[PDB]
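Before any questions on binding or motion, here is one chain by itself as structure tokens, the form deposited in one PDB entry.
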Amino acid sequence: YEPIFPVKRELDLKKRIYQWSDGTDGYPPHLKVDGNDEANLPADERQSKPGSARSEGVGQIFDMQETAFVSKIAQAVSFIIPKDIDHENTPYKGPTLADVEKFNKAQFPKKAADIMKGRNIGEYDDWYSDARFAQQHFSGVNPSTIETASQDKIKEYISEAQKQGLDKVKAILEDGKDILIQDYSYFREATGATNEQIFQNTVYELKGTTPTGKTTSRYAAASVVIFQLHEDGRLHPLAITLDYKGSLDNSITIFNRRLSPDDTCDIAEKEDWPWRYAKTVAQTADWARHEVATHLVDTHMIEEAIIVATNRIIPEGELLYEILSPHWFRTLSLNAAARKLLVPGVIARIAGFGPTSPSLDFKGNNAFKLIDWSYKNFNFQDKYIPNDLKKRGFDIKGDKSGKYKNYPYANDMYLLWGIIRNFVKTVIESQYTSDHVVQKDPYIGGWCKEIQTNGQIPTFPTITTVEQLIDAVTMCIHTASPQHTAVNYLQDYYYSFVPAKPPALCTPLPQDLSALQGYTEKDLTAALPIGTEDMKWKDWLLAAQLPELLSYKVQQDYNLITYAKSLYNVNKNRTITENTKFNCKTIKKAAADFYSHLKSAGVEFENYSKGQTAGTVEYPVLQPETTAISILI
């Protein structure tokens, strides 16, 4: 008969089922899906009704009703709100901030049921405040990109401070008492736009398929926020560059009229319309870097690359496949729905990068140029939590000062990284006993080469040592589960109230410093998507509904805990400690530990949360009970 080679037959089959994209769609490498149509996914990785065997599907990922609703908004291309979606009162109707804030609180119940259960930052009256704004850079949806300010970047702000004759603010930077930066000036470099070109998205009105002359513009800014970190451990915003353009000579850079959190000035924080605008512009900058870079690229897309490469090279039954496999549950169908609807029909629509909405060529669209560049400029090893916290300038290993008490991400993760490495170290070493044993493995070398080339993650290691294999496996797990968890499952809260953190601006920037300095509420109210005017209704809905959709809380069984308890691979409907091949006494002992380590950690993440400055919003996101096995939303 014809000769049968079980392995090479199975891999030949997987390399047909799991194929790469040619990249003509304008996305980083992913699983090839003809027109991203559900049907053209691999049979098992498709979607069934909720309460089904895993050989059928993965259960309805999103909330049926709020998908049909969000799809309704994306499809709605008419500038006149459709009869269906329209209501007597809406959270964008206003027409004032007061009226919009007043609506928000009246939608808190006792339907909207996530990890904050229908609640948002709108609960806090003083969300505008310097503490709550800045606190989002430690505890918000993007806690992982703030870093120590380069000495020669302080040198710029020392100069601009002097230029404005602000003698007080100069002395603060002069010495350099824990001066930190959050830098979105890279958006230009990232989109190939010149320093004379402004970010503008021209939203063309269509009569279904055919356009009418009518348009409305949304705007975006390569902002740069400068913070000082005090000893009591409060992150204080000092300065915002609204849109950085090579130098601060060519940009308009405002300074906080209160130079500390306790500072008192006769103009309040609520009435400081110049500063409340700047912060709102700096919020659009972080919305982008969060959704594109920190969320979509760094988690969803990096994980898909691993999934595809791992499936193509490493066979089902191999140890590496079995530890990684569970952390992929339903990731592929979700990215196929992101690439189809969410990225083009929402992200690229509500963002201010443009150049147009809708787009006919995504390779020409800037949101896609940013998606592409974010993937290209990711670094697999540098975002190892230890290496992450080190290079960004955070010594969590030994801070006696207690200055990082307001930074629970940095606290929670430094612990949680070692714990997941502990687990992997025990399981990997149960087969991979030496650097040599790794070197003489068939798949690990080709696994790396596949990821470094086709996956287009060159920063992925050439795995020689046992430590190198452990960190790589930790990272795949860390990215897929707790890192995605942190950045995914606080969207509803921080985005639901659109003014707190809006996706883009609905009016051009102020022309110069002198113009901004005399800004009224109506300017911000206009800049935000409020009123029946200029299709601002659609921008609000999408801005506050995508968060609620993607914040929809994880099911009990898709916990990191429930896995650590029983090692049950939800994704593959099997258990690793039922493969007589592997040294299972060890694996059961690693899992037994890993579980006791996580229960123990949930206690510490709690302490870190309540250990923050009085009033500071909680950080419950990395609670193992509320952490996802995979990138499953």
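C-alpha atoms forming the largest set that superposes within 1.5 Å between two forms make up the rigid core. The numbering used is simple: start at 1 and walk along the sequence shown.
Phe69, though modelled here, lacks coordinates in at least a third of the other entries of this protein that were compared and that model residues flanking it. Figure legend: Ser596 is marked as modelled in all of the other comparable entries of the protein, none of which omit it, let alone a third.
According to the entry, the stretch of the deposited sequence that connects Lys110 to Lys111 contains 10 or more residues lacking coordinates, which leaves a long gap in the model. Just going by the entry, 380 to 388 versus 247 to 255 on mean CA temperature factor gives the higher value to 247 to 255. Mean CA B-factor, 129 to 137 versus 89 to 97: the higher value falls on 89 to 97.
As recorded in the PDB entry, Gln555 shows the highest C-alpha B-factor of the residues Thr294, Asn365, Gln555, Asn411. Reading the B-factor column for the CA atoms of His478, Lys449, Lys207, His290 in the entry, the top value corresponds to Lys207.
Per the PDB record, residue ranking by Cα B-factor puts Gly23 in the lowest third of the chain. In this PDB entry, the Cα temperature factor of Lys400 sits in the top third of its chain's modelled residues, the highest group. Annotation for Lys501: C-alpha temperature factor in the lowest third relative to the rest of the modelled chain, per the entry. Compared with the other modelled residues of the chain, the Cα B-factor recorded for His484 ranks in the lowest third.
Per the deposited record, the Cα B-factor of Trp275 falls in the middle third when ranked against the other modelled residues of its chain.
Another form, the form deposited in another entry, is not on view; read the next lines as being about it.
With the core fitted between the shown form and the other one, just one of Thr433, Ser78, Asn250, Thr96 shows a Cα displacement of at least 2 Å, namely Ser78. Relative to the superposed rigid core, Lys207 undergoes a CA displacement smaller than 2 Å between the shown form and the other one. In contrast to the form presented, in the other form the C-alpha positions of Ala348 and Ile81 draw closer by 3 Å or more. Inter-residue distance, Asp84 to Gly352 (Cα): reduced by at least 3 Å in the other form versus the depicted form.
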